[PDB]
Amino acid sequence: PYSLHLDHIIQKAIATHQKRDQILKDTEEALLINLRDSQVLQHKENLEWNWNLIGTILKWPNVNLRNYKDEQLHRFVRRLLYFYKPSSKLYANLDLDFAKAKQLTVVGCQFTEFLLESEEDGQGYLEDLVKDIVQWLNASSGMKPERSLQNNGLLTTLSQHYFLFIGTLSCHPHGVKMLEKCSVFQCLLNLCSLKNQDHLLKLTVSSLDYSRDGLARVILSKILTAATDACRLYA
Amino acid sequence: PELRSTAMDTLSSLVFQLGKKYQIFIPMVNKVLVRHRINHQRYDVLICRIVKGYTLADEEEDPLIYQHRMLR
Ligand SMILES: Nc1ncnc2c1ncn2[C@@H]1O[C@H](COP(=O)(O)OP(=O)(O)OP(O)(O)=S)[C@@H](O)[C@H]1O
């Protein structure tokens, strides 16, 4: 898979096919060495961080912000949250064909699932991130009277990858609950009815997860039954 | 005890070419690594991307293809 949506789809299908029919500890020391060499806490300048090391801290098994209560890790996740939010205008402004574009998106997906990996301590960051995402998507979709037109910013920058975060938020059973705690599914339900933007329905119909029964199949059925004819054909 | 860093760098440069073909060797080397408290940062990055998935296209890739695509 060349793309990152089809990659997540095939990985989720392989994961559920493996899950239907049935590592190092590094407590506090090596974690501190890895977050020291990661260069996130030394300086706030973006694009100079060591993103391989960030991916290795976020994808290590037993570090999940629930068993290692250290203030440096909270500083690290707060800096990554402020970088990844679209309101701060840092990640959502880098254009396509970038030198490191797929890596930042992969790190973002594993970061927003790492936040969900602590279901009792990872609310204050995840709720803020998904509220900022739905705020940006309501601002760009046309639910506001300011401009109702930002197709020139979604189509050529990395800010179109914020559906993939919702995609990797939609697979887990605790993910749909957090996604419905904010007004995300209703926002896509109102997005289904508009007539001017057809690319957003292509983005949301190829990102969500339809493995289990819920509100994700209702959006797919609403696009399939009542939508634009081109979007209906693509669905 | 003195050839640890050079052998770990050689091991990291070797397992960068091997994709999921090295996943069978990880519990064999992990005993020797935790026995003498050997920590290498690039090897940790590589085995973190090997055990837990990074993407699907980069794992199990011809290394000459990568060297050609990075030379350009
Ligand atoms: N480009 C940036 N990347 C990360 N953080 C930034 C960036 N630019 C400004 N910041 C600020 O850094 C804040 C997060 O830092 P904290 O998690 O509070 O760690 P900190 O070291 O206490 O920060 P300060 O500035 O010393 S209070 C962001 O919410 C912003 O206030």
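Residues numbered from 1 in each chain as written, not as in the entry; some residues may be left out. Chains lettered and ligands numbered in written order. Part of a larger assembly, values for the part shown. Heavy atoms only, no water. Residues with missing side-chain atoms left out of burial classes, pairs and counts.

Structure determination for the deposited model, as stated in its record, used cryo-EM, and the stated resolution is 3.2 Å.

Things to note about helix α2 (residues 26–35) of chain B
Residues and elements named next belong to chain B. In plain terms, the rule: Accessible area is worked out with a 1.4 Å probe on protein chains only. A residue is then buried under 20% of its type maximum, exposed over 50%, and partly exposed in between. The helix count covers DSSP runs of H or I at least four residues long, the strand count covers runs of E at least two residues long, and both are numbered beginning at the N terminus. The arc in question is traced by the directions running from the helix axis to the C-beta atoms. In this analysis, two residues are considered to be in contact whenever any of their non-hydrogen atoms come within 4.5 Å of each other.
Within α2, burial applies to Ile26, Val29, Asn30 and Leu33. Down the axis of α2, the sector holding all buried residues measures 110°, keeping them to one side. For α2, the exposed residues lying more than 90 degrees away from the buried face are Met28, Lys31 and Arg35. In this fold, the buried residues of α2 make contact with α1 (4–15) and α3 (41–51). One or two residues past the end of α2 sits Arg37, with phi positive at roughly 60°.

What about the packing of helix α3 (residues 51–59) of chain A against α3 of chain B?
For clarity, the threshold we go by: Between the N-to-C directions of two axes lies an angle of 0 to 180 degrees, each axis being a line fitted to C-alpha atoms and, for a helix, fitted only over the stretch in contact. Angles are sorted into four bins: roughly parallel if under 35 degrees, roughly antiparallel if over 145, roughly perpendicular if 65 to 115, and oblique for all others. Whether a crossing is left-handed or right-handed is set by the direction in which the near helix is turned from the far one by less than a right angle, anticlockwise for left-handed and clockwise for right-handed. Here the nonpolar group is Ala, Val, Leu, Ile, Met, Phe, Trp, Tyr, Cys and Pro; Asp, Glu, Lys and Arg are the charged ones; every other residue, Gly included, is treated as polar.
It is at 9 Å that the axes of α3 of chain A and α3 of chain B come closest, and there the two elements cross at 55°. Taken as axis vectors, α3 of chain A and α3 of chain B run oblique relative to one another. Crossing angle aside, the handedness with which α3 of chain A passes α3 of chain B is left-handed. For the pair formed by α3 of chain A and α3 of chain B, the contact residues are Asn52, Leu53, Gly55, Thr56 and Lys59 of chain A on the first element and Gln41, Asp44, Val45, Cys48 and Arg49 of chain B on the second. For the contact of α3 of chain A with α3 of chain B, the per-class residue count stands at 3 nonpolar, 4 polar and 3 charged.

Regarding the site of the ligand
All names here are of chain A. What counts is decided by this rule: Consider each residue's heavy atoms; a residue with any of them within 4 Å of a molecule or strand counts as near. Polar contacts here mean pairs of N or O atoms no more than 3.5 Å apart (in protein, one a potential hydrogen donor and the other a potential acceptor; neighbouring residues in sequence count only if both atoms are side-chain atoms). The protein chains shown are the only cover counted for residues, whose accessible areas, like all others here, come from Shrake-Rupley with a 1.4 Å probe.
Contacts to the ligand come from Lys44, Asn46, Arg75, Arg78, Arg79, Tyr82 and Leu90. Separating an oxygen atom of the ligand from a side-chain N or O atom of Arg79 is a distance of 3.2 Å. For the ligand, whose unbound accessible area comes to 620 Å², protein coverage reaches 56%. Considering only residue class, the shell around the ligand consists of 2 nonpolar, 1 polar and 4 charged.

Details of the interface of chain A and chain B
Applicable threshold: We define buried area as the total accessible area lost by two parts upon association, computed with a 1.4 Å probe and summed across both. Counted as salt bridges are all cases of a side-chain nitrogen of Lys or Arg within 4 Å of a carboxyl oxygen of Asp or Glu.
Every contact between the two is made by 18 residues of chain A and, on the other side, 13 residues of chain B. For the chain A and chain B pair, buried surface summed over both sides reaches about 1400 Å², with 62% attributable to carbon and sulfur atoms. Inspection of the chain A/chain B interface yields 0 salt bridges. Along the contact surface separating chain A from chain B lie 2 residue pairs in polar contact. Of all the elements in the fold, those that place two or more residues in the side of chain A that touches chain B are α1 (5–20), α3 and α5 (102–116) of chain A.

Considerations on helix α12 (residues 215–225) of chain A
Residues and elements named next belong to chain A. Within α12, the full set of buried residues consists of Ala216, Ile219 and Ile223. On an axial view of α12, the arc spanned by its buried residues comes to 60°, and they lie on one face. Contacts made by the buried residues of α12 are with α10 (185–191), α11 (199–205) and α13 (229–234).

Considering the pattern of salt bridges
All names here are of chain A. Following the criterion strictly, the structure yields 7 salt bridges over all chains and no others. The salt bridge involving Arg78 is made with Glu71; its shortest N-O contact spans 3.4 Å. The shortest N-O distance in the salt bridge between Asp213 and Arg217 comes to 3.6 Å. Accessibility expressed as a relative area gives 33% for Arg217, which makes it partly exposed.

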